[PDB]
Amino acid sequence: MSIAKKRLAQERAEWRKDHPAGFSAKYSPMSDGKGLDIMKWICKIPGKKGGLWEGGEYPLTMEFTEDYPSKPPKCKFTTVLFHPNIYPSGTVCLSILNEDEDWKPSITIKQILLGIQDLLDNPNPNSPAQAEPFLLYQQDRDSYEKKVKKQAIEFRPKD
C-alpha cells in the first residue's frame, strides 16, 4: 500500500466531504478506459468573484509521484493562461508547489487549488514564468486587464 495512494484516497474523500463551490477535483480517466488514475487528477478552478478571471473555469491537472506528500504534485493548466506565473507549458509556478520553497507535506488539494486561484488574481513579480503577461502586468496594466478579461470569456463553461 503506497503511502502516496493512501494519502491521495484520503484527500479525495475529504474533498467530497467539503470543497469550495465551483471547483472540481477528480481522478483522471485512464486512456484504456478501465477505471481512474489516482496519480493524475483533473481539476477545475473558477475565476474568483470580483477578479479579472471572473466568469471563467480553468481546467488543471495535478500529477503525483510515489514520493508524494514529501514532494508536491505538478500542476498544469490544460490550456495556457495569459499570466506572469504560468509557463508557456501551462505549468504553475507557485512557492507552495516548490519543494525547495513553501511545499509542506500536510498541504491539501483544497489548499493548493485555492492557492492557485489566489495566484491568478495576485501575480508574483519575482518568479515570472511567461514574459509578455509579466511585461504588460508591470508596464501596461490596462492592456493586461483587457487581454485577461477577454480570455476569461473564452474559458466560460459551455452552455
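Just count from 1 along the sequence shown to find any residue number.
Chemist: Give the stretch, out of 114 to 122 and 24 to 32, with the larger mean C-alpha temperature factor in the deposited entry.
Modeler: If you average the C-alpha B-factors of 114 to 122 and of 24 to 32, the larger mean comes out for 24 to 32.
Chemist: Comparing 100 to 108 with 34 to 42, where is the mean C-alpha B-factor higher?
Modeler: On average, C-alpha B-factors are higher across 34 to 42.
Chemist: Which has the highest CA B-factor per the PDB entry: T91, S127, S95, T61?
Modeler: Across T91, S127, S95, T61, the entry lists the biggest C-alpha B-factor for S127.
Chemist: Once the chain's modelled residues are ordered by C-alpha B factor and cut into thirds, is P69 in the lowest, middle or highest one?
Modeler: It belongs to the middle third of the chain when residues are ordered by C-alpha B-factor.
Chemist: What third of its chain, lowest, middle or highest, does the C-alpha temperature factor of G51 fall into?
Modeler: Its C-alpha B-factor, which the entry lists for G51, ranks in the middle third among residues of this chain.
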